[PDB]
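A single chain comes next, written as structure tokens; it is the form deposited in one PDB entry.
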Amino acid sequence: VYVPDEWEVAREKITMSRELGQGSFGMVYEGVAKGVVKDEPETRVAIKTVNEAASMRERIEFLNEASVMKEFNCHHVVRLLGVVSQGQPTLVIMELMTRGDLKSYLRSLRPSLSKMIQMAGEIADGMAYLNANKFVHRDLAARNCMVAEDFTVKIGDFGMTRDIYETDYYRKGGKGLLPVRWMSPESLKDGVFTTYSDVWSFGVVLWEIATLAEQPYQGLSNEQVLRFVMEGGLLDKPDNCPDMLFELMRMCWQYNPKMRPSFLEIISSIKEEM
């Protein structure tokens, strides 16, 4: 079951404007919520819906997954603003990131060390907060980073393929969709997901920033990426890559998870030369 709480909003307060994409449990909308925030009468929102076709078990799964976000207070993680458990459809309301995901943003720029370093620090800020709170993201990638009106980068999750980035995922038959080009050697081999496997992924995100979001390991198939990465292979230095940004990547791609820096260590090294 699920017990309604202080996060509950009256369905009458949410109007739905247009659709943004598909989503795991149903349709995702851009909308407006009324008195959901202090000193702000209306708020532009993202609405995640449970498909009306979905079962009882899966409506409660959805609510209990999204309740994890009630614990979070980091301006660098997309913020939950409210739930609607009562009646149909079942909604969760969230901060609207008006400039979309970081991969689309990067591809549309088809920047300086300072902008790349800023974007990196903001990403490392949300991930440090999540990892400290026992939250291992498991799909950290530019496509899951969101960009606000003010150009702030936040950690989100725009499910797992929206079709748009369907080449980013490998179907391991029955298993499911794996983002293999972002996965650490211990994740690929043993299904080990830790803070250290999030740090590996962050290195791939830095490579995505430096290449304006090229596909990692372009011209290797999904199975060749597995073999290459498990046997100690590394992405090449992006063209025009500043030294500092590539040193950070390499730190993140130590084969032994224990030799990688923590997100806190990454924020320190970034701040020390800002």
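Residues carry their position along the shown sequence, with the first being 1.
What comes next is about the form solved in complex with a partner chain, which does not appear here.
- None of the heavy atoms of residue 122 is located within 4.5 Å of the partner chain in the bound PDB entry.
- Of the heavy atoms in residue 136, none are within 4.5 Å of the partner chain in the bound PDB entry.
- Proximity of residue 203 to the partner chain in the bound PDB entry: non-hydrogen atoms within 4.5 Å are absent; the residue sits far from the partner.
- Among heavy atoms of residue 102, none comes within 4.5 Å of the partner chain in the bound PDB entry.
- If you check the partner chain in the bound PDB entry, you find no heavy atom from any of 39, 48 and 82 within 4.5 Å.
- With the partner chain omitted here, the record of contacts in the bound PDB entry names 171-179 of 171-179, 147-155, 90-98, 69-77, defined by a heavy atom within 4.5 Å.
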